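Engineer: Model the structure of this input:
(chains A, B and C, ligands or ions: 1)
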Amino acid sequence: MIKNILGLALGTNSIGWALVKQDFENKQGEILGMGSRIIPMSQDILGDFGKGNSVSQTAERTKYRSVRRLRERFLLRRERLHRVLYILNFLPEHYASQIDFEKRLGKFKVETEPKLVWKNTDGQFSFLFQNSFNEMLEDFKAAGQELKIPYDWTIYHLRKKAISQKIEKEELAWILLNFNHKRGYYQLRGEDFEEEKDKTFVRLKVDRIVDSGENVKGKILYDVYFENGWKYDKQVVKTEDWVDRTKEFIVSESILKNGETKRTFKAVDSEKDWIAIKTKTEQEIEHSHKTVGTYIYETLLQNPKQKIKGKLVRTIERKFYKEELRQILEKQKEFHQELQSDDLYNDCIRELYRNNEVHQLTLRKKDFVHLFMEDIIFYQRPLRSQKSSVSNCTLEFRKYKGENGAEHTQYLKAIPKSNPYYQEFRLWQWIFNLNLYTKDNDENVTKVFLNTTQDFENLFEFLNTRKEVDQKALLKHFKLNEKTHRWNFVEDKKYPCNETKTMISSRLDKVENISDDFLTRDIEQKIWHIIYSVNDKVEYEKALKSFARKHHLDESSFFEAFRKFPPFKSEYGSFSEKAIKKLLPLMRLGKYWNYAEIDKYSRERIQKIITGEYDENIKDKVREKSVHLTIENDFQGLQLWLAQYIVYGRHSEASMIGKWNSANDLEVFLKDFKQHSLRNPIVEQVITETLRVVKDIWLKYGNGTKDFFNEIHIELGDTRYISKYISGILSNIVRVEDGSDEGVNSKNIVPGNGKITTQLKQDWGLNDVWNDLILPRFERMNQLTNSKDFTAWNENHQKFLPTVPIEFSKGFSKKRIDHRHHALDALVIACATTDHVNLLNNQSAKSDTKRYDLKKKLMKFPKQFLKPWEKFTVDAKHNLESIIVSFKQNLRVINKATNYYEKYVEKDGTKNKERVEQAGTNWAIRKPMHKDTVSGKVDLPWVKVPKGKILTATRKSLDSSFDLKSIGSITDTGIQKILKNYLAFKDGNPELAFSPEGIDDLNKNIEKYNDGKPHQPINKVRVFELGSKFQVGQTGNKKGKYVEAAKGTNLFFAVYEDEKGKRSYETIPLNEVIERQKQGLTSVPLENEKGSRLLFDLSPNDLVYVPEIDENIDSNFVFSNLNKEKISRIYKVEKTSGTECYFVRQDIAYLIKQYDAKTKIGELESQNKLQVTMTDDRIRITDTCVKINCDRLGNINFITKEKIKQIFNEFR
Amino acid sequence: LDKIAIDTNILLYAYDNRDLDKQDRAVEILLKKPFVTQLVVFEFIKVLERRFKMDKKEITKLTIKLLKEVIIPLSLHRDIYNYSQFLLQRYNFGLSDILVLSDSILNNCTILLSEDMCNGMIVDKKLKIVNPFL
DNA sequence: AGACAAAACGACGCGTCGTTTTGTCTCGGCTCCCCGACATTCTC
Ligand SMILES: [Mg+2]
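Structural biologist: Numbering: from 1, shown residues only, chains lettered A, B, ... in the order given. There you are, the coordinates:
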């Protein structure tokens, strides 16, 4: 008779909640609560998740983590190189004296930046390899290029020299460190492809296009021939860009079965595709027939202006670096006796692996070659195991008691699909699911071909041999043909047919020199496990060779046949091995079945079923189905459901229905919710906040008691993922335990559709009140644009309706530009009963009389629907104009982080590797500390610097956007002179001057713009800016990096007062917030430097009240009588900078018109947010605003007596 | 080179003639204009008024004279309560001493002088307690 | 009366809140787990 209704509307980042107490039968009822919860994120995310572009902050954190991890692994490699080389006595005294080797193993001493090559004596720097430098300059003068070159070019000369000559040890250490710097591309799997693997980058010329006689789309397709004599595989339409074109391709050659090259083609562009540049550098290095270091040295010899790093060689296969470093080390080995002294080798071994005697024993057999390449430099870790993330069976469990005395359950991991045993399960399931039909009359022709167990067994022996089965094989097995019979499945679809066993049978047939009886079931399982488990190449052939040794099969073609196996497809079945093991014996029939393979419990249940006695674990439906199971012989060939029930006693997944009793269950459910359990973070956040809001309304309006919500209505308005999950979750509150309400969802949950909501809004006048609420924004726009095009008069309503000009009507929506529409939708959903949704979803009646009862009950006479009560519209107006919007906040600055790291610990007289938790305190910053771009400080005499600001200069490309003002913002004066000379030479047009062709022309003829004076080419210049940039850090060279605050990191805005009364404003950066929160203090200082006491601090999504000019709000409080005037003066912070704070009225979501620099108009000026109110007084918001605090439901929170009592009652 | 502070102990041993040596130590601890916390002055007033039963007028004269000419009062810091609570998790002193240390630290003091505070000890790697009478 | 108090004063620099305008790290390979949606078949 009286019903509590909760209407929920779910958006991308909005939850509209409304609770009403309806009595529809008497046309009575009243609203209780209304609100809209908003999760703030930029509209960039809104426009991105529809298409999808890395829309997750977790992914960005993962990317930074991976970059850092690579960095510290490179550092670790370097450290170990320092340790080993210091042991070998290879580092020079000047360098080695300032690496720590005792406490910080291999690290540099703090506040020192050593270079291996520049010895510093009395403040002067000197090069140490004078003689090799002399030899390199001798080489250049023999080549006749110059006699004056950089000293640090000696490394490539040494790398060439190291191949076939004796170099001193320090050069060799430098070379090893260089190799550690540049490691090269490498795929962990390997898996060498087709032996030819042509993949050859070639540049070809087209001779002629003979017209091929292939007429498509009314245009006749041409063919392509090349001068060196192949044909392009694909045809061509456009003739202009193919005739005598110097086109470059990557082609792949495969020797087909006929004995010819099946050549492919693919158009690629050099200097634009990574693969093309990689292959070109590969071929160009190989054709030189020399190591990459010597190749680089030769290219530097022939073109001394060549850019090596990033231009000449960017990325090459790791094989080149490996082979070059090898050749270097073997060649240097014969001359340096330290590379033969096994004492030193053992010393390095022990130093590097003190606590791992096993690894020491392994490496005591190797030498310095393997230790340097295979151990330190080129060591690539394997992928972490994902086995721990494998799913679990829903049936097999294990129970055990921990140290706490409790009893908890370990899961059993699901079966890999390629396992032969799941193969048996699956294809037996197919055997039972198999049935045949005739093509002529479509009758159930089976029970004539498969009626006895022998037919099943023979079909089994034929399928067991094959690898895939299809229409043809299935028909011809029975001697049937295509023309008369079919098999109830897709006529042209194939089904799996024990892939693993067939494939292994074929490969084992190819090896020969063995009898045709070696392959049995256990052998099949063991070899499958060998293939599935060891997925690493060298390990793979070692396991294969050992298997061929133990099993008396010749390892001659065994390993050759058994090397080329496609790795198993990564997929796992629904169930585990033990469960399927228990299942299969029951559905076995014939000779493969025997009673002894049924376990104890299923045998007992079989005896119980045949006996017909009464068991609590056997239901009546079982006997209903198992009436035919009279004898123990009847337990042959049972289907999946029968065998599953007999094994475990459940008729599939019957669910648990469940029913929550109080807010305790709910809050526990939220406490136990796991991250990343849904499609994407957006819907997960939406669902979690919906749950939280439901709990809050339950507590506030019903005190968490049973069945306080009589019914709940849900609506969404991609997003469909929420329509069913939230309904299933919320069924647990409104479900009835009487047995009437059963299913996936409670019958009380009534999802609707947009048709009902829009029709109710139009009929009941919610649209009219919505326009009346939103219109003043439109009059403000009209006044600001001094026009009348934003309001349109009408005479059917005799009033002004909001509107927009067509050229500002791109995607304007009058609902979308606010926040409370969510709550309005929630309200209009809640009052909609099941009868309304049934009527408006099944309006097709087939007879007017049958649905005429609903017509008369719900609609006025079929014109308009009856209101839920007489004062529905007025009450809805009163609520809608009295809703404050609650905005979720993320002020996470620091949080605690746990660090577990592997380490060898001494326990019970033995060292064991175990994880240790980090000692001391260590915080994790939860915001990006600054922006990526890094600038350096400069001091220019020819510019005036205001106090409190500095000049920072950054390198930028010289391009077409460089006009006189920007050219004057280039820090180099001579570059400015030359550049303005050039720009004058091109009639003052940077676009013509600074095109790549123009830049090239400037570079070639630099004399005729530098007054005839010589100068190096220019491509990038350091432009300087004047502003406030802070140091990134205080260690090493970090004190020279100047960065800018990151986006959305100005989170606190302090408002202070002096004893006289004036307000002072400040914005504290994230650095001081971090430091203060680390020292346990408040985020914002409570007094400024002037001693002014702090009113309070503001953060984005805060709420403030802006009092009228006449009101004197000093000890107002009494925030219970919030009326329309009071609530309309509520502003939400949006951003801050310096002493400026920008605000938007809390009911505004989107502006009527944004700001464009052309028209120079907008709803809230250029920033789309104001430092003042929108109303006519236009008062500084920050000078009179008072901060307020709301809860999830938008209810104000203020100090009261009871609160004051409880502050220290909780301590009492 | 280092902002040195003091506590009520230095003033109290300075005041008394019963131990000449400690009195001396204390007075040459005051010659260098050592900084001082307002809570130190409050406790000094409490002990003069309670233990010694001295008149209000003369102890107030002495306080004013010392603050004008002898010791440099340090402005009471507004974050003293939160910082003292922060030091409270890692340290176990009398809470009055913890407020003294908190206000000394928040004012950038490098060296503190006292007796009943476990000399030589480091407080949040910012300030160390030193017993000067030894 | 003479010598203090303070207003001019000619200087530049500064700074002016109000507002708009400008700037903002990038691409490459590959493996392996989980879930979702829509297709077909069988059973409860
Ligand atoms: Mg004390």
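Engineer: Setting the sequence-adjacent residues aside, check what's closest to the residue of chain B found nearest chain A.
Structural biologist: At 2.9 Å from chain A, residue B:86 is the closest residue in chain B, using CB to the nearest CB. In short, each C-beta sits where N, CA and C put it, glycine included. Counting by CB to CB, 6 or more residues apart in numbering or on different chains, residue B:86 lies nearest to residue A:1080, which is 2.9 Å off, once chain neighbours are set aside.
Engineer: rewinding a little: could you tell me which residues make contact with the residue of chain B closest to chain A?
Structural biologist: Listed by CB atoms under 8 Å, 6 or more residues apart in numbering or on different chains, the contact set of residue B:86 reads A:1079, A:1080, A:1081.
Engineer: Could you report the neighbour count for the first one?
Structural biologist: Applying other CB atoms under 10 Å in any protein chain shown, we find 16 other residues in the vicinity of residue A:1079.
Engineer: Let me know the helix or strand that residue 44 is in.
Structural biologist: Answering for chain A, as no chain was given. Per DSSP states H and E, residue A:44 falls inside helix A:43-49.
Engineer: Can you look at chain B instead?
Structural biologist: Per DSSP H and E, residue B:44 falls inside helix B:38-50.
Engineer: Which elements pack onto that helix?
Structural biologist: Applying 3 or more CB pairs under 8 Å, 6 or more residues apart in numbering or on different chains; DSSP states H and E, one finds that helix B:38-50 contacts helix B:8-15, helix B:56-69, strand B:72-74, helix B:95-106.
Engineer: okay, the angle between that helix and helix B:8-15?
Structural biologist: Calculated by axes from the mean of the first three to the mean of the last three CA atoms, to 10 degrees, helix B:38-50 forms an angle of 40 degrees with helix B:8-15.
Engineer: picking that back up, can you add mean neighbour count and distance to chain A and give the helices and strands packed on helix B:38-50 back as a markdown table?
Structural biologist: Shown next, in a markdown table, are the helices and strands packed on helix B:38-50 (neighbours: other CB atoms under 10 Å in any protein chain shown; distance: least, CB to the nearest CB, whole Å):
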| stretch | mean neighbour count | distance to chain A |
| --- | --- | --- |
| helix B:8-15 | 21 | 26 |
| helix B:56-69 | 12 | 19 |
| strand B:72-74 | 15 | 14 |
| helix B:95-106 | 21 | 9 |
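Engineer: Go through the ones you listed and name the closest to residue A:315.
Structural biologist: For the helices and strands packed on helix B:38-50, distance to residue A:315 was read as CB to CB. The smallest value, 53.6 Å, belongs to helix B:95-106.
Engineer: in the host helix or strand of residue A:59, what's buried?
Structural biologist: Per DSSP H and E: residue A:59 is located in helix A:57-87. By 16 or more other CB atoms under 10 Å in any protein chain shown, the buried positions in helix A:57-87 come out as A:77, A:78, A:79, A:80, A:81, A:82, A:83, A:84, A:85, A:86, A:87.
Engineer: Assign a three-state SS to the residue of chain B closest to chain A, would you?
Structural biologist: helix (DSSP: H, G, I helix; E, B strand; the rest coil).
Engineer: Would you map the strands across the stretch 1051-1200 of chain A?
Structural biologist: Remark: strands assigned in the stretch 1051-1200 of chain A by DSSP state E, counting those that start in this stretch are A:1052-1057, A:1063-1068, A:1093-1098, A:1103-1105, A:1130-1137, A:1140-1145, A:1186-1188.
Engineer: would you turn these into JSON lines with mean neighbour count and distance to residue A:397?
Structural biologist: As requested, these are exported to JSON lines (neighbours: other CB atoms under 10 Å in any protein chain shown; distance: least, CB to CB, whole Å):
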{"stretch": "strand A:1052-1057", "mean neighbour count": "22", "distance to residue A:397": "51"}
{"stretch": "strand A:1063-1068", "mean neighbour count": "17", "distance to residue A:397": "55"}
{"stretch": "strand A:1093-1098", "mean neighbour count": "18", "distance to residue A:397": "53"}
{"stretch": "strand A:1103-1105", "mean neighbour count": "21", "distance to residue A:397": "51"}
{"stretch": "strand A:1130-1137", "mean neighbour count": "20", "distance to residue A:397": "52"}
{"stretch": "strand A:1140-1145", "mean neighbour count": "20", "distance to residue A:397": "55"}
{"stretch": "strand A:1186-1188", "mean neighbour count": "16", "distance to residue A:397": "53"}
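Engineer: Export those strands as JSON lines, with columns for distance to chain B.
Structural biologist: Below are the strands of the stretch 1051-1200 of chain A laid out as JSON lines (distance: least, CB to the nearest CB, whole Å):
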{"stretch": "strand A:1052-1057", "distance to chain B": "12"}
{"stretch": "strand A:1063-1068", "distance to chain B": "14"}
{"stretch": "strand A:1093-1098", "distance to chain B": "9"}
{"stretch": "strand A:1103-1105", "distance to chain B": "23"}
{"stretch": "strand A:1130-1137", "distance to chain B": "22"}
{"stretch": "strand A:1140-1145", "distance to chain B": "23"}
{"stretch": "strand A:1186-1188", "distance to chain B": "19"}
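Engineer: Mind checking those for the one nearest to residue A:307?
Structural biologist: Nearest to residue A:307 among the strands of the stretch 1051-1200 of chain A is strand A:1130-1137 (41.0 Å), distances taken as CB to CB.
Engineer: closest point of chain B to DNA strand C, which residue?
Structural biologist: Going by CB to the nearest atom of the strand, DNA strand C is nearest to residue B:68 of chain B, at 25.5 Å.
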